[PDB]
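Since the structure comes first, as structure tokens, the remarks are kept for the end.
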There are 2 protein chains.
Amino acid sequence: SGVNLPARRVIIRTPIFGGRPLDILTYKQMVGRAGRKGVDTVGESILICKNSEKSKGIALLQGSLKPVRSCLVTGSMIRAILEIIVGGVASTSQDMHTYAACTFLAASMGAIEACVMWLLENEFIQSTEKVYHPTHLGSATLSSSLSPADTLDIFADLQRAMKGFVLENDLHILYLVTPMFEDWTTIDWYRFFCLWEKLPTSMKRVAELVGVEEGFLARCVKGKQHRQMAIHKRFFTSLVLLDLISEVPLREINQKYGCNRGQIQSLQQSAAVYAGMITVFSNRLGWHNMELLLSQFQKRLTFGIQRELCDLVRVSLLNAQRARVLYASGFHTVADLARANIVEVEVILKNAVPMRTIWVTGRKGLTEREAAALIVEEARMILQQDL
Amino acid sequence: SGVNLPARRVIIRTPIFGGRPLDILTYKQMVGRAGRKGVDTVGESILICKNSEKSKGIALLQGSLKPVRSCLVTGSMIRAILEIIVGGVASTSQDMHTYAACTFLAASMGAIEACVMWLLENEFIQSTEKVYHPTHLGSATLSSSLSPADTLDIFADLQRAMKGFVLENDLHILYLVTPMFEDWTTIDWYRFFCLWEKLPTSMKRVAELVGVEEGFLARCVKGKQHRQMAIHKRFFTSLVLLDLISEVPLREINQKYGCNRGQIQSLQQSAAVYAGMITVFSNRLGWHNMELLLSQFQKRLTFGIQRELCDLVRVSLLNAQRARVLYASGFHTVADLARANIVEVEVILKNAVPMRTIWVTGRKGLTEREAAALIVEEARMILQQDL
């Protein structure tokens with residue numbers, strides 16, 4: 001499903017992918033990369049099958065991808081009507097019924113009117129004379145683009161930061177921006193126990209405040225609750241993220257957290273969007289204090305930087321280490337980095353090693369002299385473009 | 001379904017009882033009281049029906065009560081296997097299968113073996129070599145005779161008194177002994193709002209500690225969550241009980257709490273059993289401090305007395321006022337009350353008025369001279385029978 005990777009021959013190991021038979025939909029694009037345009041006159045694919053698995057394997061060759069569905073109570077339809085009656089375009093209920101006539105479900109050829117009542121129960125809409133008007137919670141969910149199923153929990157979770165908040169460490173702030181667990185990694189309970197003990201006093205205060213139990217944490221799982229289970233994984237996700245925003249080595253997290261670098265950036269990129277949705281959610285809800293704390297946490301989670309390097313990182317060519325070594329060079333803001341000597345940044349970038357050998361996302365490799373010039377050159381354009 | 005009340009003629013108002021048709025089972029005993037033994041030679045019943053309701057009414061006359069069922073995942077079967085494998089009589093799983101052959105379900109003519117796994121998940125039983133052995137939670141539930149469905153919540157609720165407990169007022173202790181809400185009374189939200197404001201500083205601290213919200217209490221219900229709903233009614237049940245154990249007038253509770261005297265004693269008798277099950281539950285679980293606080297709360301909820309009159313009330317003829325007025329007579333314990341002058345208690349019992357005119361449960365009416373003598377006479381027998 002990624003970027004086009006042309007190749008003359010494509011080989012598939014088994015019709016069974018991860019204990020399940022290969023889907024036809026991904027099989028069409030499985031082979032579709034075979035054959036380069038204007039270079040290779042013949043492209044081929046060799047699916048590999050054994051014993052009785054050949055009968056299952058051949059079915060994909062003569063099979064066709066399944067026809068599309070609409071997937072539309074349904075959780076994907078609650079947002080559908082919340083996206084239109086809160087924007088103000090559709091207000092009357094009868095006109096809303098015509099919207100359900102415009103969807104994929106209607107075009108393919110009851111409970112739509114019974115689903116707006118679900119939103120009525122959860123305060124998402126106020127009932128008037130029927131003509132519907134959005135509420136404070138309803139308009140905040142739409143602006144932040146959260147699923148209404150998740151918002152009901154967040155609203156009761158964010159409001160539980162009113163009772164008690166900690167500010168010495170970023171953990172409690174991070175706990176409210178960790179999206180979920182999904183299946184980003186396989187948890188290691190015994191490894192979590194050793195980490196649980198070594199946590200300083202300040203961080204352990206956070207866990208007790210959000211439902212995580214010191215008495216039960218990597219204790220009963222060894223010897224052997226869905227909402228309780230999704231909190232402990234939420235806490236582990238927040239523990240990993242705190243090391244990410246502390247700029248600890250990514251290799252060191254592997255040796256300490258058990259999850260490799262592949263699932264780390266697939267989480268810090270996913271958790272950075274969450275911080276960008278909680279901040280907007282709190283903005284429209286009139287919580288000006290909470291928006292202040294989470295305002296800077298979208299930039300920190302994306303790049304794994306501290307508060308100091310937030311301004312340096314605005315340059316697109318400084319991801320996580322090209323700004324730290326540059327920060328130690330006496331350059332603490334992007335305003336004066338724009339006026340840096342071109343020959344000065346060459347030597348400082350040469351050091352800190354853990355002709356097109358330096359790399360920048362989007363332009364493949366680059367040489368050190370050009371990229372260092374690009375560091376200043378991008379900083380020139382930022383200074384006057386935003387003012 | 002109560003005590004036999006003979007009468008020569010029985011009249012029923014409607015075949016519809018409380019918006020529902022009358023059940024045949026209660027109808028058999030509904031009329032069964034007609035005709036006194038040896039006095040009335042003829043007993044009759046006249047069901048009253050109107051318009052088209054006669055067709056529904058006559059069906060009961062020619063109808064027969066439904067045949068019995070077994071009502072046996074099922075919540076009434078989880079306790080069944082827990083009642084036998086924790087007592088130690090049945091240990092091997094194969095013998096347990098013979099127990100399911102001995103029940104009403106088997107005699108009437110699969111999931112039984114799949115239900116012990118449910119107990120395995122919730123730590124109720126430890127798995128050994130299959131031979132099953134009870135755990136600390138499993139043996140505590142059986143001794144206290146609680147349903148295993150309710151225990152899982154109580155165990156996590158009683159253990160949440162570990163974090164923080166209050167001792168100035170009996171509210172938090174009472175909150176953990178209020179059984180449920182069921183349908184004991186119809187709640188009055190506006191009346192609860194006025195009561196919520198006038199609550200003192202000490203009692204309001206309890207509500208925040210158990211999940212009741214000051215911000216949301218008789219606030220959103222007026223303008224318009226099952227576990228959140230079962231807590232707010234639990235709190236109202238605890239507020240009512242605190243007045244009961246404060247010996248406030250029962251008439252005054254009606255004017256203040258909206259629930260009449262009928263549903264009060266039908267709750268303080270039901271909540272007194274709960275305090276007698278939580279205390280035993282905490283005893284077997286090795287919580288010696290919690291058993292200390294709840295030890296005296298079964299006697300207090302039964303009789304609506306304070307701590308002072310606990311010893312006086314041991315006499316079966318002192319319910320709630322015959323001990324309070326007697327307490328003010330300088331008699332503070334049942335030991336020295338047993339030695340009271342017989343003529344002395346006559347005058348003190350005559351006063352405090354809110355020949356068989358004084359009433360004692362179980363023996364219908366009584367005269368003051370005899371009952372006052374019975375007050376001392378019962379106190380004689382207690383002193384040496386328990387020593």
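Residue numbering restarts at 1 for every chain of the structure tokens, chains are lettered A, B, ... in their displayed order, and ligands are numbered from 1 as they appear.
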Got a sec to tell me which of segment 292-335 of chain A DSSP assigns to helix (DSSP H, G or I), as a PDB file with N, CA, C and O atoms, in the first residue's frame?
```
ATOM      1  N   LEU A 292      -3.363  25.692  27.206  1.00  0.00           N
ATOM      2  CA  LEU A 292      -2.018  26.235  27.367  1.00  0.00           C
ATOM      3  C   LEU A 292      -0.988  25.128  27.540  1.00  0.00           C
ATOM      4  O   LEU A 292       0.099  25.186  26.955  1.00  0.00           O
ATOM      5  N   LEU A 293      -1.308  24.111  28.341  1.00  0.00           N
ATOM      6  CA  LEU A 293      -0.344  23.051  28.619  1.00  0.00           C
ATOM      7  C   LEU A 293      -0.137  22.142  27.415  1.00  0.00           C
ATOM      8  O   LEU A 293       0.986  21.693  27.162  1.00  0.00           O
ATOM      9  N   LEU A 294      -1.197  21.862  26.664  1.00  0.00           N
ATOM     10  CA  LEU A 294      -1.126  20.948  25.533  1.00  0.00           C
ATOM     11  C   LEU A 294      -0.796  21.647  24.221  1.00  0.00           C
ATOM     12  O   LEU A 294      -0.718  20.978  23.187  1.00  0.00           O
ATOM     13  N   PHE A 297       2.646  20.442  22.945  1.00  0.00           N
ATOM     14  CA  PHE A 297       2.895  19.007  22.960  1.00  0.00           C
ATOM     15  C   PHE A 297       2.663  18.333  21.616  1.00  0.00           C
ATOM     16  O   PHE A 297       3.029  17.165  21.463  1.00  0.00           O
ATOM     17  N   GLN A 298       2.062  19.018  20.644  1.00  0.00           N
ATOM     18  CA  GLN A 298       1.993  18.441  19.308  1.00  0.00           C
ATOM     19  C   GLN A 298       3.344  18.524  18.612  1.00  0.00           C
ATOM     20  O   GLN A 298       3.758  17.580  17.930  1.00  0.00           O
ATOM     21  N   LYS A 299       4.049  19.643  18.778  1.00  0.00           N
ATOM     22  CA  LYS A 299       5.363  19.786  18.162  1.00  0.00           C
ATOM     23  C   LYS A 299       6.399  18.907  18.853  1.00  0.00           C
ATOM     24  O   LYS A 299       7.332  18.417  18.208  1.00  0.00           O
ATOM     25  N   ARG A 300       6.255  18.700  20.163  1.00  0.00           N
ATOM     26  CA  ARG A 300       7.231  17.898  20.894  1.00  0.00           C
ATOM     27  C   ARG A 300       7.123  16.420  20.538  1.00  0.00           C
ATOM     28  O   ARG A 300       8.142  15.740  20.376  1.00  0.00           O
ATOM     29  N   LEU A 301       5.899  15.903  20.415  1.00  0.00           N
ATOM     30  CA  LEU A 301       5.726  14.484  20.120  1.00  0.00           C
ATOM     31  C   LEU A 301       6.108  14.147  18.686  1.00  0.00           C
ATOM     32  O   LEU A 301       6.594  13.042  18.423  1.00  0.00           O
ATOM     33  N   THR A 302       5.887  15.071  17.748  1.00  0.00           N
ATOM     34  CA  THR A 302       6.212  14.795  16.352  1.00  0.00           C
ATOM     35  C   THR A 302       7.702  14.553  16.166  1.00  0.00           C
ATOM     36  O   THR A 302       8.107  13.624  15.458  1.00  0.00           O
ATOM     37  N   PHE A 303       8.532  15.374  16.800  1.00  0.00           N
ATOM     38  CA  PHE A 303       9.962  15.395  16.546  1.00  0.00           C
ATOM     39  C   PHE A 303      10.787  14.810  17.681  1.00  0.00           C
ATOM     40  O   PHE A 303      12.001  14.643  17.521  1.00  0.00           O
ATOM     41  N   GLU A 308      13.304  23.402  24.575  1.00  0.00           N
ATOM     42  CA  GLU A 308      14.319  24.328  24.083  1.00  0.00           C
ATOM     43  C   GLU A 308      14.348  24.372  22.561  1.00  0.00           C
ATOM     44  O   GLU A 308      14.443  25.454  21.969  1.00  0.00           O
ATOM     45  N   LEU A 309      14.259  23.216  21.911  1.00  0.00           N
ATOM     46  CA  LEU A 309      14.449  23.120  20.472  1.00  0.00           C
ATOM     47  C   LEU A 309      13.157  23.286  19.687  1.00  0.00           C
ATOM     48  O   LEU A 309      13.130  22.963  18.496  1.00  0.00           O
ATOM     49  N   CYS A 310      12.086  23.768  20.320  1.00  0.00           N
ATOM     50  CA  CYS A 310      10.826  23.932  19.603  1.00  0.00           C
ATOM     51  C   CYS A 310      10.958  24.940  18.469  1.00  0.00           C
ATOM     52  O   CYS A 310      10.433  24.720  17.372  1.00  0.00           O
ATOM     53  N   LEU A 312      13.910  25.981  17.004  1.00  0.00           N
ATOM     54  CA  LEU A 312      14.893  25.525  16.024  1.00  0.00           C
ATOM     55  C   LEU A 312      14.274  24.549  15.036  1.00  0.00           C
ATOM     56  O   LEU A 312      14.550  24.611  13.833  1.00  0.00           O
ATOM     57  N   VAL A 313      13.427  23.644  15.529  1.00  0.00           N
ATOM     58  CA  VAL A 313      12.865  22.575  14.715  1.00  0.00           C
ATOM     59  C   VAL A 313      11.924  23.084  13.630  1.00  0.00           C
ATOM     60  O   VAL A 313      11.636  22.349  12.676  1.00  0.00           O
ATOM     61  N   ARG A 314      11.494  24.346  13.707  1.00  0.00           N
ATOM     62  CA  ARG A 314      10.608  24.892  12.682  1.00  0.00           C
ATOM     63  C   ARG A 314      11.209  24.767  11.288  1.00  0.00           C
ATOM     64  O   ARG A 314      10.470  24.668  10.302  1.00  0.00           O
ATOM     65  N   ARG A 324      19.738  19.462  17.908  1.00  0.00           N
ATOM     66  CA  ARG A 324      20.369  19.358  19.221  1.00  0.00           C
ATOM     67  C   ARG A 324      21.838  19.760  19.160  1.00  0.00           C
ATOM     68  O   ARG A 324      22.308  20.549  19.987  1.00  0.00           O
ATOM     69  N   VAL A 325      22.582  19.226  18.189  1.00  0.00           N
ATOM     70  CA  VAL A 325      23.986  19.604  18.052  1.00  0.00           C
ATOM     71  C   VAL A 325      24.099  21.066  17.642  1.00  0.00           C
ATOM     72  O   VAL A 325      25.017  21.777  18.068  1.00  0.00           O
ATOM     73  N   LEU A 326      23.165  21.540  16.816  1.00  0.00           N
ATOM     74  CA  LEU A 326      23.136  22.952  16.460  1.00  0.00           C
ATOM     75  C   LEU A 326      22.783  23.822  17.659  1.00  0.00           C
ATOM     76  O   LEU A 326      23.270  24.953  17.769  1.00  0.00           O
ATOM     77  N   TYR A 327      21.936  23.319  18.561  1.00  0.00           N
ATOM     78  CA  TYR A 327      21.587  24.084  19.754  1.00  0.00           C
ATOM     79  C   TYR A 327      22.808  24.322  20.632  1.00  0.00           C
ATOM     80  O   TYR A 327      22.996  25.422  21.162  1.00  0.00           O
ATOM     81  N   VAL A 334      15.401  30.325  16.025  1.00  0.00           N
ATOM     82  CA  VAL A 334      15.477  30.348  14.568  1.00  0.00           C
ATOM     83  C   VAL A 334      15.678  31.750  14.021  1.00  0.00           C
ATOM     84  O   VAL A 334      16.051  31.901  12.850  1.00  0.00           O
ATOM     85  N   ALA A 335      15.442  32.781  14.835  1.00  0.00           N
ATOM     86  CA  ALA A 335      15.633  34.154  14.381  1.00  0.00           C
ATOM     87  C   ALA A 335      17.103  34.439  14.107  1.00  0.00           C
ATOM     88  O   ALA A 335      17.463  34.950  13.041  1.00  0.00           O
TER      89      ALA A 335
END
```
Compute the set of chain A residues within 9 Å of chain B, using only C-alpha atoms, and express it as a PDB file with N, CA, C and O atoms, in the first residue's frame.
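Result went into out28.pdb, see below:
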```pdb
ATOM      1  N   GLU A 121     -29.239  12.053  23.737  1.00  0.00           N
ATOM      2  CA  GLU A 121     -29.006  11.568  25.094  1.00  0.00           C
ATOM      3  C   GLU A 121     -27.686  12.086  25.650  1.00  0.00           C
ATOM      4  O   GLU A 121     -27.604  12.460  26.826  1.00  0.00           O
ATOM      5  N   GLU A 123     -26.019  14.818  25.210  1.00  0.00           N
ATOM      6  CA  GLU A 123     -25.857  16.269  25.310  1.00  0.00           C
ATOM      7  C   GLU A 123     -25.185  16.879  24.081  1.00  0.00           C
ATOM      8  O   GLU A 123     -24.941  18.091  24.036  1.00  0.00           O
ATOM      9  N   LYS A 224      -1.971 -14.526  35.904  1.00  0.00           N
ATOM     10  CA  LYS A 224      -3.107 -14.884  35.064  1.00  0.00           C
ATOM     11  C   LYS A 224      -2.791 -14.639  33.592  1.00  0.00           C
ATOM     12  O   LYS A 224      -2.885 -13.512  33.105  1.00  0.00           O
TER      13      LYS A 224
END
```
Each residue of segment 287-352 of chain B with at least one atom at most 10 Å from segment 356-379 of chain B should appear once, together with its nearest atom pair and the corresponding distance in Å (one decimal); atoms considered: only C-alpha atoms; ordering: chain, then increasing residue number; output as JSON lines.
```
{"residue": "B:312", "atom": "CA", "partner": "B:379", "partner_atom": "CA", "distance": 9.3}
{"residue": "B:314", "atom": "CA", "partner": "B:379", "partner_atom": "CA", "distance": 8.7}
{"residue": "B:315", "atom": "CA", "partner": "B:378", "partner_atom": "CA", "distance": 6.4}
{"residue": "B:316", "atom": "CA", "partner": "B:378", "partner_atom": "CA", "distance": 7.8}
{"residue": "B:317", "atom": "CA", "partner": "B:360", "partner_atom": "CA", "distance": 6.0}
{"residue": "B:318", "atom": "CA", "partner": "B:375", "partner_atom": "CA", "distance": 7.9}
{"residue": "B:319", "atom": "CA", "partner": "B:360", "partner_atom": "CA", "distance": 8.6}
{"residue": "B:322", "atom": "CA", "partner": "B:375", "partner_atom": "CA", "distance": 9.5}
{"residue": "B:334", "atom": "CA", "partner": "B:379", "partner_atom": "CA", "distance": 6.8}
{"residue": "B:335", "atom": "CA", "partner": "B:379", "partner_atom": "CA", "distance": 7.6}
{"residue": "B:336", "atom": "CA", "partner": "B:379", "partner_atom": "CA", "distance": 9.1}
{"residue": "B:337", "atom": "CA", "partner": "B:376", "partner_atom": "CA", "distance": 6.9}
{"residue": "B:338", "atom": "CA", "partner": "B:379", "partner_atom": "CA", "distance": 4.7}
{"residue": "B:339", "atom": "CA", "partner": "B:376", "partner_atom": "CA", "distance": 7.2}
{"residue": "B:340", "atom": "CA", "partner": "B:376", "partner_atom": "CA", "distance": 6.9}
{"residue": "B:341", "atom": "CA", "partner": "B:376", "partner_atom": "CA", "distance": 8.6}
{"residue": "B:342", "atom": "CA", "partner": "B:373", "partner_atom": "CA", "distance": 6.2}
{"residue": "B:343", "atom": "CA", "partner": "B:372", "partner_atom": "CA", "distance": 8.6}
{"residue": "B:344", "atom": "CA", "partner": "B:372", "partner_atom": "CA", "distance": 9.3}
{"residue": "B:345", "atom": "CA", "partner": "B:372", "partner_atom": "CA", "distance": 6.3}
{"residue": "B:346", "atom": "CA", "partner": "B:372", "partner_atom": "CA", "distance": 6.1}
{"residue": "B:347", "atom": "CA", "partner": "B:368", "partner_atom": "CA", "distance": 9.6}
{"residue": "B:348", "atom": "CA", "partner": "B:372", "partner_atom": "CA", "distance": 9.8}
{"residue": "B:349", "atom": "CA", "partner": "B:372", "partner_atom": "CA", "distance": 7.7}
{"residue": "B:350", "atom": "CA", "partner": "B:368", "partner_atom": "CA", "distance": 7.7}
```
Notebook entry, point to check: What does the distance from atom CA of residue 248 of chain A to atom CA of residue 218 of chain A come to in Å, to one decimal?
Noted result: 24.2 Å
Margin query: When you look at residue 83 of chain A with a cut-off of 10 Å (counting only C-alpha atoms), what residues show up, excluding the ones that are within fewer than 3 positions of it in the same chain? I need them as a PyMOL selection string.
Written below: chain A and resi 77-80+86-90+138-139+141-143+145
